[PDB]
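The structure under discussion appears below in the form of structure tokens.
Every heavy atom of this structure was used, including side-chain atoms; hydrogens, water molecules and symmetry mates were not. Note on naming: letters A, B, ... go to the chains in the order of the sequence lines (proteins, then strands), and numbering restarts at 1 for each one.
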Number of protein chains: 2
Amino acid sequence: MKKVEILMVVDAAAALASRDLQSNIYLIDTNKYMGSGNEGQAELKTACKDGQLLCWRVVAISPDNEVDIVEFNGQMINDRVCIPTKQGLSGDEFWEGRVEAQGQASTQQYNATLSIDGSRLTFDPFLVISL
Amino acid sequence: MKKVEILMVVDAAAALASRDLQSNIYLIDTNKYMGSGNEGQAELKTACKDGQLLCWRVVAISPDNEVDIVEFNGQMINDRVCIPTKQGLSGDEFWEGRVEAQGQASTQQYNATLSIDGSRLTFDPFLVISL
């Protein structure tokens, strides 16, 4: 019944200096999970139940950078398990979509592309879906 | 020479339901530290060197809440070791100030008051200053 809201946090300075997004990103969600990508790809996940609505938004640690989610691609999108769409006002946009598991329960990989002050960088988070 | 930029992340829904800010806040900074207050007061800290400039800003996980830093009080302010001031445009404000340790090095406690959609709630982070 409750939405799962996900905040991606980017260390933008470091992302741009290295061109490595994964090592410079964190996830915090309303499940009270927090993952650092610096500690591994395995940490960049969200837990959710079939039928739940998911909401993503992205922010930078520094006030001087601007960051947006440009696009989602990959497995979760290919198989139509969750197709987020862009919403909100210019300024704080966010992306939302419902999880349509096939009453299966599984892992769904996806590719999120972010624009970090106009630099497009991709990373590979995943969903863990239970029934 | 580099600024230390600090992002406070609030689970606003949960903060307001409990009236407990500490258990529902995270810190991530450009030192690549991440602390959850849910795991204890001891985690809500920032490392810095004497003479360094510190920058704080606050965001909510959800796009539906608005959150601001209202005020800093307590030890760090009393002793004039770091007096942040408010800056930026309406929308993304932030607070900044330089650390003037007495070439001592120490812990400085402070009280940050945040407005969570108009609800004023306080918590007790701290600085760890080295020379």
Side-chain angles (χ1 to χ4, degrees), chain A residues 1-12 14-16 18-61 65-131, chain B residues 7 9 11 13 26 28 32 34 59-64:
Chain A
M1 295 295 114
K2 209 152 41 56
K3 294 189 178 192
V4 181
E5 291 165 298
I6 315 160
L7 181 66
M8 290 171 196
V9 177
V10 188
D11 189 342
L16 288 177
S18 65
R19 286 158 309 288
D20 184 335
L21 184 51
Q22 180 174 291
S23 294
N24 287 298
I25 204 158
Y26 310 82
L27 301 188
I28 306 178
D29 64 36
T30 50
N31 291 327
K32 302 192 208 314
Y33 175 83
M34 67 165 180
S36 167
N38 199 27
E39 301 193 310
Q41 148 137 232
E43 307 282 285
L44 296 179
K45 66 201 166 174
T46 313
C48 57
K49 71 151 225 254
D50 190 4
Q52 261 188 305
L53 200 103
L54 265 55
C55 180
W56 293 256
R57 78 190 207 85
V58 62
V59 299
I61 298 169
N65 302 106
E66 298 296 350
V67 295
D68 287 291
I69 300 162
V70 177
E71 217 178 318
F72 297 80
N73 297 291
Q75 171 188 33
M76 174 182 89
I77 305 296
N78 287 351
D79 55 37
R80 308 178 80 79
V81 170
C82 182
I83 296 177
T85 58
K86 191 173 66 212
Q87 306 178 187
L89 313 172
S90 288
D92 180 26
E93 277 180 333
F94 56 98
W95 290 71
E96 294 199 291
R98 184 166 314 278
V99 176
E100 316 294 17
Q102 184 59 39
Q104 289 303 285
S106 66
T107 294
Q108 289 297 307
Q109 265 279 344
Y110 65 104
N111 307 138
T113 302
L114 271 63
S115 180
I116 315 290
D117 288 314
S119 264
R120 277 171 60 98
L121 297 167
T122 300
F123 82 117
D124 305 322
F126 59 97
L127 295 191
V128 179
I129 308 162
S130 48
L131 292 176
Chain B
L7 181 66
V9 177
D11 189 342
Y26 310 82
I28 306 178
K32 302 192 208 314
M34 67 165 180
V59 299
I61 298 169
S62 171
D64 289 9

Worksheet item: Per the side chain to side chain contact (heavy atoms under 4.5 Å, CB included) rule, which among A:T122, A:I69, A:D68 passes with A:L114?
Response: A:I69

Worksheet item: Do A:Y33 and A:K45 touch side chain to side chain, with heavy atoms closer than 4.5 Å?
Response: yes

Discussion item. Working to the nearest 0.5 angstrom, can you tell me the gap between A:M76 CE and A:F126 CZ?
Written reply: 13.0 Å

Response to the item:
Here the pair of heavy atoms bringing A:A101 nearest to A:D50 is N-OD1, 2.9 Å

Worksheet item: Does some side-chain heavy atom of A:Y26 sit less than 4.5 Å from a side-chain heavy atom of A:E39?
Response: no

Worksheet item: If you measure from CD on A:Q87 to CH2 on A:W56, what distance do you get to the nearest 0.5 Å?
Response: 10.5 Å

Worksheet item: Looking at CD1 of A:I6 and OG1 of A:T46, how far apart are the two atoms once the value is rounded to the nearest 0.5 Å?
Response: 4.0 Å

Worksheet item: Is the number of heavy atoms from other residues, nucleotides or ligands within 6.0 Å of CG (A:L131) greater than 12?
Response: yes

Worksheet item: So, A:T30 and A:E5: side-chain donor and acceptor under 3.5 Å apart, yes or no?
Response: no

Practice prompt. Please say whether more than 12 non-hydrogen atoms of neighbouring residues, nucleotides or ligands are located less than 6.0 Å from NZ in A:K49.
Written response: yes

Worksheet entry | For A:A12 against A:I116, the heavy-atom pair lying closest together | CB-CG2, 3.6 Å

Worksheet entry | Shortest non-hydrogen contact between A:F94 and B:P63, atoms and distance | CD2-CB, 3.6 Å

Worksheet, complete the sentence: Scanning both residues in full, the closest heavy-atom pair of A:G97 with A:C82 reads O-SG, 3.7 Å

Fill in: Heavy-atom check, side chain of A:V67 versus side chain of A:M8, under 4.5 Å
no

Discussion item. Using side-chain heavy atoms (C-beta onward) and a distance below 4.5 Å, is A:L127 in contact with A:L54?
Written reply: yes

Fill in: A:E71 atom CD: more than 12 heavy-atom contacts under 6.0 Å
yes

Fill in: CZ on A:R19 to CG on A:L121, rounded to 0.5 Å
9.0 Å

Worksheet entry | From A:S36 atom OG to A:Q22 atom CD, the distance as rounded to the nearest 0.5 Å | 9.5 Å

Worksheet item: With a 4.5 Å heavy-atom cut-off, do A:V81 and A:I129 have their side chains touching?
Response: yes

Item to complete: Inspect the surroundings of CD in A:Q102 and state if more than 12 heavy atoms from other residues, nucleotides or ligands are less than 6.0 Å away.
Response: no

Discussion item. Whether the side chain of A:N38 engages the backbone of B:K32 through a donor-acceptor N/O pair (distance < 3.5 Å, no angle test) should be reported.
Written reply: no

Fill in: Heavy-atom closest contact (A:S119 atom, A:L16 atom, distance)
CB-CD2, 3.7 Å

Discussion item. Would A:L21 and A:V10 count as a side chain to side chain contact (heavy atoms under 4.5 Å, CB included) here? Give the steps.
Written reply: CA-CA 8 Å; A:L21 184 51; A:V10 188; 4.0 Å; yes

Worksheet item: Between the side chain of A:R57 and the main-chain N/O of A:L7, is any donor-acceptor distance below 3.5 Å?
Response: no

Worksheet entry | B:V9 side chain reached by B:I61 side chain, heavy atoms, under 4.5 Å | yes

Worksheet entry | Test item: A:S23 and A:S18 side chains (from C-beta on) under 4.5 Å apart, heavy atoms | no

Worksheet item: If we only count heavy atoms from C-beta on, is the A:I28 to B:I28 side-chain gap below 4.5 Å?
Response: yes

Response to the item:
Shortest non-hydrogen pair, A:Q75 vs A:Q109, comes out as OE1-N, 2.8 Å

Worksheet entry | Spatial distance of atom CD1 (A:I77) from atom CD (A:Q108) [nearest 0.5 Å] | 9.0 Å

